[PDB]
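If you count by the authors' numbering, then the sequence shown holds residues 1 to 105, one letter each, in order. We put the CB at the ideal spot given by N, CA and C, even for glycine. Everything on this sheet refers to the single structure shown next.
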Amino acid sequence: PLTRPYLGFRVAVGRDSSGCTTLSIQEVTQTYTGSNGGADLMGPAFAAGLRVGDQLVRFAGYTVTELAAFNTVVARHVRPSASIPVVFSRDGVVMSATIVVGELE
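Structure, rendered in structure tokens:
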């Protein structure tokens, strides 16, 4: 596929109760897409549990580069139901969650 939208969320770099350098999203970007679907109507947001104040690293160890990396990984996969392993944290908490991004209508 060929997807690569623009960043419409917020990214804040800091430290959690554990301390593993992880960024958290204070917005909702999982509500739009393009190419091989371009559904855009809220899907991978609630389905994956991704909400404001959630830590999205998508990389083992609880850490991520920037929004560009998250946008590339999320864009790279535009399947009607692709299951990609993503690591999430809740203020130092360690938990695993699977994001199901379903494009198309």
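Requested in this report: Look at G38 and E103 and say whether their C-beta atoms are less than 8 Å apart.
Outcome: Residue numbering aside, residue 38 sits at position 38 when the sequence shown is read from its first letter. Residue numbering aside, residue 103 sits at position 103 when the sequence shown is read from its first letter. Less than 8 Å divides the Cβ of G38 from the Cβ of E103.
Query - Same chain, Cβ closer than 7 Å to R58, neighbours up to 5 away in sequence not counted - result: Taking the sequence shown and counting its residues from 1, the one referred to as residue 58 is at position 58. Contacts found: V64, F70, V73, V86, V87.
Query raised in the report: By Cβ distance below 8 Å, which residues in the same chain neighbour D40 in space, the five residues on each side in sequence not counted?
Result: Translated into positions along the sequence shown, residue 40 becomes position 40. Only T31, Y32, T33, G34 meet the Cβ criterion.
Query - Assigned exposure category for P44 - 16 Cβ within 10 Å defines buried - result: Stepping through the sequence shown from its first residue, residue 44 is reached at position 44. By the 10 Å Cβ count, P44 comes out buried.
**Report entry** Nearest residue (CA-CA) to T98, options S89, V52, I84
**Finding:** As a first step, residue 98 must be located in the sequence shown, where it is residue number 98. Closest by alpha carbon: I84.
Query raised in the report: Hey, how far is the Cα of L67 from the Cα of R4?
Result: Start at 1 with the first residue of the sequence shown, and residue 67 comes out as number 67. Start at 1 with the first residue of the sequence shown, and residue 4 comes out as number 4. It is roughly 12 Å from the alpha-carbon of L67 to the alpha-carbon of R4.
Report task. Go through its chain and collect everything with a Cβ distance to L2's Cβ below 7 Å, but skip five positions before and after it. Result -> The residue labelled residue 2 in the question sits at position 2 within the sequence shown. Only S35 meet the Cβ criterion.
Query raised in the report: So, using beta-carbon positions, are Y62 and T22 closer together than 8 Å?
Result: Residue mapping note: residue 62 aligns to position 62 of the sequence shown, counting from 1. Residue mapping note: residue 22 aligns to position 22 of the sequence shown, counting from 1. Pairing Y62 with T22 gives a Cβ-Cβ distance under 8 Å.
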